[PDB]
Every structure is written in structure tokens, then in C-alpha cells.
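A.B. asks: below: the sequence, then the experimentally determined structure.
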There are 4 protein chains.
Amino acid sequence: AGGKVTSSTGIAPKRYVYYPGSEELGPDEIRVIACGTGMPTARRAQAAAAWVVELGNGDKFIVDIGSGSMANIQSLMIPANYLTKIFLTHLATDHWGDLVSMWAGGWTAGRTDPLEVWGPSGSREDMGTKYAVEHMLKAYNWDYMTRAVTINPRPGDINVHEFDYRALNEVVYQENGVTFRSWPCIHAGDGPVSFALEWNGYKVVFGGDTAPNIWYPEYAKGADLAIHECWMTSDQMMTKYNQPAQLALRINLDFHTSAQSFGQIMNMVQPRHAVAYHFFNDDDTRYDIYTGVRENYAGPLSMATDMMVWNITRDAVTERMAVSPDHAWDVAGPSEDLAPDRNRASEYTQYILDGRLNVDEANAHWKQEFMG
Amino acid sequence: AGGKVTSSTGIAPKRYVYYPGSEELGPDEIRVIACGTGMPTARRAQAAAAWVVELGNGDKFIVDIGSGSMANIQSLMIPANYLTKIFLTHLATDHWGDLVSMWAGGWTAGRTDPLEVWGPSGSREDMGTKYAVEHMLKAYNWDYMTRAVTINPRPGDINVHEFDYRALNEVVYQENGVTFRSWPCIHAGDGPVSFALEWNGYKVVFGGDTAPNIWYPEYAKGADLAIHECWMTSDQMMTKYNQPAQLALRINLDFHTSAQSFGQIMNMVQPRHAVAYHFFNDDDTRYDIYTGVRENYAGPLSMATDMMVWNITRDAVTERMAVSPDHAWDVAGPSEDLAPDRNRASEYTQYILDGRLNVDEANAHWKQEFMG
Amino acid sequence: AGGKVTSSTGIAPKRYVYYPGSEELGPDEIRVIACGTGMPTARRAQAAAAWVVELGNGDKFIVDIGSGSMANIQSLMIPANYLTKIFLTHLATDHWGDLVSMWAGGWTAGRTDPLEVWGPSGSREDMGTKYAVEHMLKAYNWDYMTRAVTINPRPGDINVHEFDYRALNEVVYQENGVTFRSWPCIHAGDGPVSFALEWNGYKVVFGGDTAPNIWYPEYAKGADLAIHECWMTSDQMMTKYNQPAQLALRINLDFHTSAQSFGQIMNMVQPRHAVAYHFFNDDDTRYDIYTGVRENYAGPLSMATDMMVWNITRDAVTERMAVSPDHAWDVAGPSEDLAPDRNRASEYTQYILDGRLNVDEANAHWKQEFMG
Amino acid sequence: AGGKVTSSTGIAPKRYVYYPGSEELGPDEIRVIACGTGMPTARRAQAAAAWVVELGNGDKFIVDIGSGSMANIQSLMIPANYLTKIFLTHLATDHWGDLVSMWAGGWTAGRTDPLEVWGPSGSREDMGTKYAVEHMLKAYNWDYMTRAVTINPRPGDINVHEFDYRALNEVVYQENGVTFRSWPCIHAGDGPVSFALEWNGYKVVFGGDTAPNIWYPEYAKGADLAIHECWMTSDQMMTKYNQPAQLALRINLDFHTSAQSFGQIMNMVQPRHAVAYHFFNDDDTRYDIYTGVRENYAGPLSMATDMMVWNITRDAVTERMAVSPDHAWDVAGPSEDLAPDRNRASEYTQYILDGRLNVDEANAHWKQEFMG
Ligand SMILES: [Zn+2]
Ligand SMILES: [Zn+2]
Ligand SMILES: [Zn+2]
Ligand SMILES: [Zn+2]
């Protein structure tokens, strides 16, 4: 497997797995990494929905940042300042639960710019992204104010770009030759959307969550990579949740996109490559889902799991698995020398500072050796 | 290793690893599981701070629920209704970021009771736990309102019990023979606390985060299990973070508890068993940290990592590793599922419902075969 | 998933994964564990071919013990004295390379009985099992003779039971109500066989390796569990190995059982449950292999990977994954307490014993503490 | 951690983990990878002893190839023809049990040259490496003869270079600027040796197994990297193996190098970097072992575990962990075409070949589609 090796002292070229941080991205290439493929139910094997997209022009984007996905994003060896633009398909915990971990952890990892978040409105103010993010920053006010004593506060801002959820395939983002468009989903209540990213002749579709709809098959047509939800079978719903037969039937017809519906949709879209996600991807679940899709779609298909990677080029759409560090650390990139604001008041009182324990004796041995 | 096997068709007794869901808890026993042992930066090897404590009287408590920890909590095969009481040392993201995943995922997993959260006040209303959780629920208003429409919303409430962070070893919880006391920490700004859990002649101390302070050595004295922050070394801060020598010195003398200070503290405490946590536990960091602790503390010691487990009995405190499923699922408990008493409004518009795709033909084959 | 929990202090019953050592085996039950499922190319995800069979009468068998499989067998928490009977399908390294790891490691562990090995003859003496094991013990003569100075020699023996590879469905083992039958395979050259284990109304078939043959479909009919080789697709052979189209075609037609041929064979066998193995079980290979099988076979089907487990009961054949310790240890069982044979010569010469380094002062501190 | 990133579309330089196949090797550099660090009992966390050494001149060597280690070696993305020179410290199963996997697997992975094996004699013919390997090839005669039928048998040759185990620090290999010397060990019986590899001003010492001896401290002096056996403690032999206090004592004095002895030895050697190996490296074993070393040795130290890597340069010896594929595949390098010009007889009889099942119909659909 992989490219042929030419030198004992050289590299293995065109490697059969993707080692994040090890590959230069070509000017006419896209890398997409599944940083979470799961559900609102937690599991180490699958974080909740998250996608990292890297373009050959140097721009990078996150599409969804569900609970648990930051451990996968942090394994990519990408400096924090390169991942400041986030797009949310909807305001479920499994699609933005880890925004707070990017916000706080990225600020500790030396991010010098504010985060920038694009997400949908709702039917009223308190159902949309601007309200959600305002209240998320209030929720973590203790952490904001205590960090801002010691670290310049500018990177702790989150600038929200709210867009109209109702718009049919309209632009929500345009910069540097990169466009994102949105169109609606049918999921739980008004607000959720799908995105299409367009850049340099490519189109990548991030379906988010939806029951089958008339918008995705039209607006996604001809995508280089098209992602859509694909549910566990009704039989598996009965096995794994002890659901009554008629509810397990409804889950796959009314609430979610069945494997067979996913296949009809992708047969309509005719992407270069389709991606099913948002199912538990296990030895006893994945084959009947794949069979369901294959009833109606014969084209190239990935059954997503965490750390699956797609390389999109003019000639190919290649699936690999990423092999990345579980013992991850932040990596440094370019940044400003951002100086703490001396004008900000201490968040300690003297009552707390008066409690310090004298540890001079126990630290003297290492302190002497380290200072010399 | 482990207990001696006596039968080919029997079990392996007193097993050398802990399989969660496989062991009964005796009435004079405590199990503590580290579900997160890391830092504000994410990595699959170590979730952020989180502890599950199981008492022989059937009561279970979570102390801290940092980002990434719910994937470890869900691996324990514990019904969601047994995990409704949560204690927060402080409002850092690495100590309660996954409360939202417990709230929404626990509800998906069949919790029927509200969550109950105990956490500190701050120096002002907006720096305290009540404000924090109130605004976390506003931040997730779209998810709450869309989940709630046709069910009893009861499991989606969070009842907060805020206590004065300044109180010196005062009772913040007293129920069914169990007490928790808090006392202050010195960490980032006013508000953080440590807990002591007392039950059935046992005392378990959850230090949270602190620079060395006069309170923990007094109020933790004689604990069966004493958990405290223990930082990476100044040499490691220079190696891993490229900190200047002076700042790397300060980190272990002013901001955090050095390994040497941790040893001093645990020599003062004389616990049955000490636990160091809140460092990256890697092959090139753990040994220099352990050495620093052993300068001043000779007693029983655990260098925590994720899914480490302590069994506390009258005669021993035993450290094991848990071996748990990465491909986790929720488990059902005694279900007390209550019908809604009240109509709520749909969060759909006809504009969105008008978008449903006809997928009848694609689903006809599985639908017919499944209905028979 | 799994059975309903009824107590906070109790167990999770009928668990959705198999924790080895945690479940009693019923008197009318079989457990089969795949301890290796791969190929002669090594990989941590898949040890070479190996199966552990546990019957409700207390008998346990290994069927094949390919390179890399002992790490999986050791993870089961089965005492060495319970796993002394080994059946080999054929003498490829990927079916008995880890016989030496079983031999040496169990001897150090406290195994007190010799290993017993059943395997096929070949077309001449040097192509059969008796010859193979005779020469393997001579190959490891250094390790045999040295270990036999300090550990009783009895468990260091290997007793071989060589059976005629040409026999059609003849008994090769019959003891305590368990029968093994063999029949021929078509694989590389003469000698390889398949096995059927019959006990207490159950039939388990271990196919070993073969191109499609007239014997398996007749002699395997109505097995409770039927295991057969199932190959990667010709398109996969071209992607992964850069084989030209003509050689890639011949691999699935002449040398190995294609997924489509597996499906035909299992359609003829009508087992309660079929197991496909001996292919690399990866995100970009597994789906098309399952697809191939489903062209011709619609019954219950497992796509094997390491540590998959089947429970065979009168009512069901259930697939689960095992969740088992990577940091494995031997578990003690019933064993004799045998002195070393003091009549055997030391294998040290005085030339070597003259080189001992005086380390008394370096070891005196711990030696004293440990003395008391 | 790691080098500073300079470009969004570039690499992360000087990475904090080693991704095998991703780094060029400099002409004044060595890489050593621990491909096995464990014991004669198996566990997925630790293969038995094995080391891969890569020199900046393009030469590569394997030192020991214990059971389980080939899954690690195959994860390095090294072509099989670059790994044909193997050095054995001794003929324990935990040091050469996977030679047969390298022989068979490396042949299916495309090796075109014979293996070349250097190993010690013993005190008589049947206790030496030449005897051992000749008998190993007989043991696997069925696999050899069936593989060889239509192909050049050249890669299936093993050329043995047996050296006198008694020699004190004499040359056993000298080619292309690389020298290996051997000297004796005191381990189980006569035969075991240690190696020193010298190249380009570097010295790397592979201790193999030994009780403390007068040879290693003299001949390993000033090594860049010195590897030596470092045993589990006597208290651990009692806890983990249920050994009586008197035997637990003897194991760390008579039979093995204690952690304290290891520290004495490395204090004598004064290497640039010491490596302790051959202990189970677990959360409850590693710290007491490390403490025992530090009684006597203060210098740079690694506590080996599998896939630990050292980069030896003029300015540093750097420890990292390797992050490599579990789902490993062979990689191609620069190859022969080979061509046999001696005949070999078929190993099939017509009795076996007449057993072929007709599967034409079941294979017709895929076969037609494919040929187009
Ligand atoms: Zn979702
Ligand atoms: Zn913290
Ligand atoms: Zn095979
Ligand atoms: Zn050894």
C-alpha cells in the first residue's frame, strides 16, 4: 500500500494513512477530516459531529464542533490561530458542545485572534445563534474574567455572524474566493441548515442533521464530497434501545434520514464521493446501514468514523484514516506579542490570598538546581 | 495477577483490572473512578477533570465534569438516573464543560429526574455557579425547547445549590448519611473550592485546583483518599511550552502546586492514599513529577490517569485500571418515565415542513419486510 | 443496550460487551473468541488466525495459534492449565507461529501439563505436523534446556497427535463427549484441513484456509457456527498491492475463496450463524467484502475481527466484542507444585559464572527493608 | 510542543511524536525504535524484546525479534528488503520467536534477498544459533515448500553468521563503516550476549538479558544509548506472581538485574542516555522500578515501552513516542523482478485438486463487471 519508497534515508511517499502535520497541502487541493461522527450519547470511539476543512489557499474552517471533538481537532498539529472560523449547522449540544473547549483551550494554546462563528437564526431571537453564543459567554464568565487578568482578553471574544436559516441556497460567508451557502433542514424545529463550501472549482457539502428534504438533493448536486446523516436501522433501534416496533419504524421515516433515504438522496446528487455519518459505527451496526444505502446509490461512498480523512484533487477523492497522537499537545504558529492589560482588576480578594501555604523548605532543593 | 481461578466455567475473582458493570459494591465500600485527569488543552488520552464516586449505600456523585469526560462516564454502564448529583470545584471549562453533555445526553439516555448541581459562588453574582448554569441553559435554549415539545420537560431542569466559596469546611450537602464540606482554594480568582465527602467513617477529598494553601492540609487530614493538583515541572514547561526560565519558575511557585509542594501537603495530611492529578501523564513527564512528590511524601501514592479506579475498604485502598468500552452505549435502569401534564408549542413552521422529500419507493422494500 | 440494571450497588446484567473472566459459562452454552483473524502480513489490529473455544462441560480448545495471537489469548484471564489442547488446520506461520509463545510463556507462568497438539500429515513425512513440532522443539533447544534447569521439565513437552489429512470427515479426537472431525482443504499444497467440533447437540466448524471445495459444504451442514476464509476483493488487491488485473482476478477465482463463493458455500451449509475471516478488516475494505457475501447468502453473518465473541445457546447465536486488558498478566488456576529436577546439569559454565558483578552495596537498602 | 509552524499549507516541523515513514534521516543521525519491551508472557501493550536501528548511511538492523514484535516492525512503513539483517542476543522465545514472521511475512511483503542472521553459539552445537535456525526452517518446511513452488526461493534463504559467545568485545560484523561487537551475559545458561553497534562516532549498546556482570560496565562505557534489562521489584513478584518472599528475593539478586543494579551499572557506564527495558510498564509497576534506578543513577533515562523512539544526534539524545498504524500494510521499495531458473515440483496431489467446488454462477456478475 502507499507510494513506492525510493530511499532508505527518505520518506514513505503518498502514505496509506494520514499523519496530521506531516503533509504539505497543494494549492488546488482540499483536506477534510471527520473530527466527530457520533450522537448526543458519548463514547470514546466517536465524538459528536465535527469537521475540519483545509483549503490549498491556506484558509481552514471548522464545520460543527460537537461534544468531545476537540480532543480529535487538537491531535491535528494545527496552530490555534489557524482555526478561528467556525460554522454551526445547528444549536444541538452534539454540534457545538465543544465550542467552549476551542474558546478556552485555544486561548491557553496562544490564540491571539477572537473566534468567528457563523450559525443560523431561529424563528425568534432566543432560538438563534447570536443569542446562544451571547449566553455561552455569560455561562463561562468566571473563566473569561479570571483568564483576562493574566492573558490579553482580545482572543476571548467570539464574534457571531448570524444568517437567515430560511434562505434557499444563499451565501452566508464570502472572503478570499471562498463561499459558504446554506439551505434549510427539517430537524426538531426551525433553525438547522446544511452548508455548501465553494472554492477553486470545488464544492463540499456539510449536511448537518435532517429528515429527507427537497433542498439538499437540488443544492448539493455535483458536490466533490457530500456529507449527510444516515441513521441506524429500525431493527437496530429495537435491539439497542428496546424500542417498540412502530416507534423504531417512525425514527427512520419521520425524524431521521434512513440508510435507504440517504441512498436515494445521493443517487439524486451524483457527488464525486458521498459520506454517511451520525450513526454508531460498530461491528454489529455498520453492514446493514451500508446495505441500506446500496439499495439506491452505487457511487463512491465512505461510512464515516472519527479521524477519517478525504483528499480532494482534480483527479481523485481519496479516503484514508488519520493516525494521530492520543497524548496531544498544542503546537505554536505565528502570532502577535499580545501583552496583558495591566488596567484590569485582580479577581482575588486578600481573604483568599491570605491562605497561601509556606512551601519554601520543600521547593528549595529543585529551585536552587533549576535557577543555576 | 488477580485472584486465583477455581473453575473453568466460573469467573476470574478479584480481577487485576476493573471491568465497569461487572462488580457489586459492598455496603462498607467506596469506588472512585478518575473520568478525567487532564488540562484545559484537549487530548484523547486525558479528558479534563472528572471523578465518579460510588458509595456502598447506592448513592453516586460526580465531582467535576470537564470537557471530554462524558465519553469515560458513559463507558461505566451506569444508568443515567443514578448520575444526577454533580459537585463543581470551580467554573473553569476543564471542570464543568461537559455538564451540557450530561444534561442533553443523559436526557437522551433516559434520565427522568432533574440534574442537581452544587457549586461555589464567586465574589459577585456573575462569577458564581447559579449565574453560570442559568446562562448555560439559555445558551442551549434551541436544544431545550425543541427536545421539550411533546415530552415531560422535568429531566431538562437543573436545580442549582450555590454555596459561599469563603466558608471554612462548612457542610454544603447532608443527605442519607452523606456529607460534603467545602473550603477555599487559591486559583485564578476567588471562587474555587475543595470538597471533603464523609460517609460511614470514610473521608474522600477532591482538591480541585489550588496553589498551596493552609486550608487543605488541615481539613483533608486523615482522608482515606486525598486528591490534589500536581503540576508538570518548570523544565517541562520550558521543553513543552517554550516558556522563559523565569515564568516557568513562577508557574510552580505562585500559580500551581509543584510536585514538591504536593508532597509537603500529603506528608501534612497523612492520608491512607494520595492521588496526584492535573498533569499530562506521558512517558517523558511522569517520572520527574513522581520524583518531586517523593522528595517530601513516602506514603501510598497514585499518579492519576484516565480510568484509574480506587476501591476503599476498612483494610485497604487498592488502585486498578478500568477496562471499559470505547464503543459505549447507554444502559437502562428502573424506568420511572412520566407523561407530559401540559401542552407546549411546536417549534416548526409550515415553511420548513413543506420541504419533506417523498422517499416512499426507496423505503418500500425494508418497510414491507420489517412490518412482517 | 445490554440487560436492564436493577440496583445501583449491583451488576449490569447480560452486558453489551464481553469482559473476559467476568461471565460464568452455562452447561448448555459454547463461547468462541476470535483471537486472530488476519494474514501472514503483521498488524496490531489483527493477529494471525486463532480461535478459543470454551464448552459448558469445562473443556477448552485452541484452534490455530497464528503469529501475534497469544497477546489476545492472554487477555482472556484463562489459566494456562485450562488451554493445553491445540488443533492446527495447517502449518502456515499465520496458523501456528505463536505455538512457541504459548509453550514458553505458560511454562514460566506455572502450566504443569505438556501441550497437546493435533494437526494434519502431508504428502510425505517432512510436510506434516509430527515433523514440524519435532523440529520446532529442536529449534528452541536452548530455551528448553535452560528453562528445564530451574522449572520442572514435564510442562516443557509437546505431545503431537498427527492425523491423516486426506480423511473425509473422520474422527481425530473423541474424549468426554467432545468429537473433532477433519476433512481436506485446497490451499497452497496438500495437508491443510477444516475441523468440526461436536458436543452436546452443537456443531462448530473451523474452516481454516481453502479455495472453494466440495467437502466443506457437505460436512459443515447445519453448524451452529461456521467459520470460512473470505478474501479481499480483486479491486482491493489492485489498489493495495498494485497487482495487474489478470493476477488480481486469479486471486479470487483460483487461490482463495471470494466473498461471493463464501456466500454460495454458506447458502449450501445453512448454519445458524456464519463467520467470514482472514481479510484485513479496514474502513475501505470491509463493506465490499460483506456486499459480495450478501449476493448469495442472506442468513446471520459476522465479519470477524480480533476479539469478536460468539455465545452459542439453544435459543440464539449472539455476536459481541470483547473488551479486554492490553496490559495483560497471567491469571493463576489449579496447578501442581513441582520441584525442578536437581539431577539435570546446569547449562552455565564456570567461564560465564566467573563474570558476576558485586552489586551488594547497591542492593543492601531495599534488601534490608524487604527482609523485614 | 514540537517545532514552530510557519505555514498553514506546510508541515509541523520537529514534531513532538514520531510518525514512521514521515521523517528523512540525516547523515550524522541514528533512530532507534523499541518494537518490543516486554516479557515471555504476551500482552497487546508490550511485544517481546525487539529493536530497529536506522543509520544515516542507509543501513538498518533489527536487534532481537521476540514474539509479537512484527506488528510493531510492520507499522514503520519500511520496505522488507531494507530489514534483512537481524542480530539475536540469545535464543529465548521472547528474543527471536517472530523471526519466522519476518521470514514468511517479509517474503509476502516482497523481500527479494535472503535474511541474514547473526547470533551466538552455545557451549555445544545444539545450544547455538546455527542449529536453532536450521531447525526453525525445518519446522516450517510445509510453508516454505508450498510458498516456493512457482517463485524464486532466494528470499526464503536464511544465511546464519554464528559467532563465539565467549569472545570478550570482539567484532562479529564489520561492513560499510558499521561495526558490531559482542560480549557475554549471565542469563539462564551459556550463550547470551550483549552487542555494541559503532558507526560515525556513535555507540549504541543492546544489552539483551543478563544478571549484573563485569563485562557490560567496561565494554558499554560512554555509549550514546545504553539499553539494559531492568527487572520488576521483589514486592511486585509477590503481588503479581504470588511468589514466596525467599524466591521473590532471589529473582532480583541471582537471576535478573534489579532496578538498583541497573542504576549501579549505568553510573559505571556514564552513557549519554540509559534505557531500562524488560519489565511490564504499568501504572502500578513503573514508579517503584524508576525509584530503584534513581538510588544509584542520576543521568538521562528512558523507561522503555513499545514504540518508544530515540533520535541520536551530535547535540542530543531525544526520546519520543512513535504514532503508527494499527491497520498496517506492507510498503513497496525498489525491487528485482527475480525469475527462477530451477524447477520445483507441485505440492498438490490430483486427489486434493479434484475437490474443487464449481462457483462460476455465484462469481459471474462481479467477474464480468470487473473485466471491463
Ligand atoms: Zn446531530
Ligand atoms: Zn483545572
Ligand atoms: Zn491463513
Ligand atoms: Zn528476555
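C.D. replies: Done, it's in. Numbering: from 1, shown residues only, chains lettered A, B, ... in the order given. Ligands and ions are numbered 1, 2, ... in the order given.
A.B. asks: show me where the stretch 51-200 of chain A has strands.
C.D. replies: A:60-65, A:85-87, A:115-120, A:158-163, A:170-175, A:178-184, A:193-199 (DSSP state E, counting those that start in this stretch).
A.B. asks: now swap in the stretch 201-350 of chain A and tell me
C.D. replies: Here the stretch 201-350 of chain A has its strands, by DSSP E, counting those that start in this stretch, at A:202-206, A:225-229, A:274-277, A:301-303, A:308-312, A:317-321.
A.B. asks: in its sheet, what does the fourth one sit against?
C.D. replies: It stands for strand A:301-303. Sheet pairing for strand A:301-303, assigned by DSSP bridges, gives strand A:274-277 (parallel).
A.B. asks: the strand it pairs with near ligand 1 at all?
C.D. replies: No: judged by Cβ under 5 Å from the ion, strand A:274-277 stays clear of ligand 1, getting no closer than 9.3 Å. Backbone N, C-alpha and C define where each C-beta goes, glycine included.
A.B. asks: returning to that earlier point: out of the strands of the stretch 51-200 of chain A, which comes closest to residue C:316?
C.D. replies: strand A:60-65 (38.8 Å; Cβ to Cβ).
A.B. asks: same for that closest one, what does it pack against?
C.D. replies: The helices and strands touching strand A:60-65, judged by 3 or more Cβ pairs under 8 Å, 6 or more residues apart in numbering or on different chains; DSSP states H and E, are strand A:50-55, strand A:85-87, helix A:93-96, helix A:99-108, strand A:193-199.
A.B. asks: in a markdown table, list the strands of the stretch 51-200 of chain A along with distance to residue D:166.
C.D. replies: Below are the strands of the stretch 51-200 of chain A laid out as a markdown table (distance: least, Cβ to Cβ, whole Å):
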| stretch | distance to residue D:166 |
| --- | --- |
| strand A:60-65 | 63 |
| strand A:85-87 | 68 |
| strand A:115-120 | 69 |
| strand A:158-163 | 73 |
| strand A:170-175 | 75 |
| strand A:178-184 | 72 |
| strand A:193-199 | 70 |
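A.B. asks: in TSV, list these along with distance to ligand 1 and mean neighbour count.
C.D. replies: Output for these, formatted as TSV (distance: least, Cβ to the ion, whole Å; neighbours: other Cβ atoms under 10 Å in any protein chain shown):
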stretch	distance to ligand 1	mean neighbour count
strand A:60-65	8	25
strand A:85-87	15	24
strand A:115-120	14	24
strand A:158-163	19	18
strand A:170-175	19	14
strand A:178-184	15	22
strand A:193-199	12	24
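A.B. asks: reformat the ones you listed as a markdown table; add distance to ligand 4.
C.D. replies: Formatted as a markdown table, the strands of the stretch 51-200 of chain A follow (distance: least, Cβ to the ion, whole Å):
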| stretch | distance to ligand 4 |
| --- | --- |
| strand A:60-65 | 48 |
| strand A:85-87 | 52 |
| strand A:115-120 | 53 |
| strand A:158-163 | 56 |
| strand A:170-175 | 60 |
| strand A:178-184 | 57 |
| strand A:193-199 | 55 |
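A.B. asks: which one of these lies nearest to residue A:140?
C.D. replies: With Cβ to Cβ as the criterion, residue A:140 lies closest to strand A:158-163 of the strands of the stretch 51-200 of chain A, at 10.4 Å.
A.B. asks: tell me the strands beside that closest one, with direction?
C.D. replies: Note on strand A:158-163: by DSSP bridges, its sheet partners are strand A:115-120 (parallel).
A.B. asks: quick check: angle from the partner strand to helix A:99-108?
C.D. replies: If you take axes from the mean of the first three to the mean of the last three Cα atoms, to 10 degrees, strand A:115-120 sits at 160 degrees to helix A:99-108.
A.B. asks: what's next to strand A:115-120, contact-wise?
C.D. replies: For strand A:115-120, the external contacting residues (Cβ atoms under 8 Å, 6 or more residues apart in numbering or on different chains) are A:84-91, A:96, A:99, A:102-103, A:106, A:128-129, A:132-133, A:157-165, A:172-173, A:180, A:182, A:191-193.
A.B. asks: show me what contacts residue A:21?
C.D. replies: A:76-78, A:331, D:2, D:11-12, D:15, D:19.
A.B. asks: let me have the strands of the stretch 201-350 of chain A in a markdown table, extended by distance to residue D:229 and mean neighbour count.
C.D. replies: Output for those, formatted as a markdown table (distance: least, Cβ to Cβ, whole Å; neighbours: other Cβ atoms under 10 Å in any protein chain shown):
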| stretch | distance to residue D:229 | mean neighbour count |
| --- | --- | --- |
| strand A:202-206 | 54 | 24 |
| strand A:225-229 | 52 | 27 |
| strand A:274-277 | 49 | 28 |
| strand A:301-303 | 46 | 21 |
| strand A:308-312 | 41 | 23 |
| strand A:317-321 | 36 | 19 |
